[PDB]
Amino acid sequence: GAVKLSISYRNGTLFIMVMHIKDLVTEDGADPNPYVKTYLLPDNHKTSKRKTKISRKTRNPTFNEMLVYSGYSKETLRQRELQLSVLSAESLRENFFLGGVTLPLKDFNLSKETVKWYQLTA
């Protein structure tokens, strides 16, 4: 799969727009209920979990949801990685992992908005 993200930083705040995802795969032949969960790692204070809403019965969800990280300096973010996970929300069994990508923030020009597709790995 692949996820389209817009990443920007303004007024002390990191903005991660989760736009959409294509080509999720499951090993059960059923369409998943994807949501996106992010952390900013390391997270010693345990405050960085963010999640989108659930998109139902689709391998190609559109979210157009913004995840917000307040209170981080650009300096601090250079030593953080955005850990993005896509999971399927399940009511009768455990939520399970569909794919993910980890993005070191030092690779980003945080003075601009970076919009691109990222390949998901399992």
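Start at 1 and count along the sequence shown; that's the residue number.
- The question of which stretch, 31 to 39 or 90 to 98, has the higher mean Cα B factor is settled in favour of 90 to 98.
- As the entry records it, the average C-alpha temperature factor is higher for 66 to 74, out of 66 to 74 and 81 to 89.
- Compared with the other modelled residues of the chain, the Cα B-factor recorded for residue 122 ranks in the highest third.
- In the deposited entry, the Cα temperature factor of residue 14 sits in the middle third of values across the chain's modelled residues.
- Among the modelled residues of its chain, residue 7 has a C-alpha B-factor that falls in the middle third according to the deposited record.
- In the PDB entry, a CA B factor belonging to the lowest third of its chain's modelled residues is recorded for residue 55.
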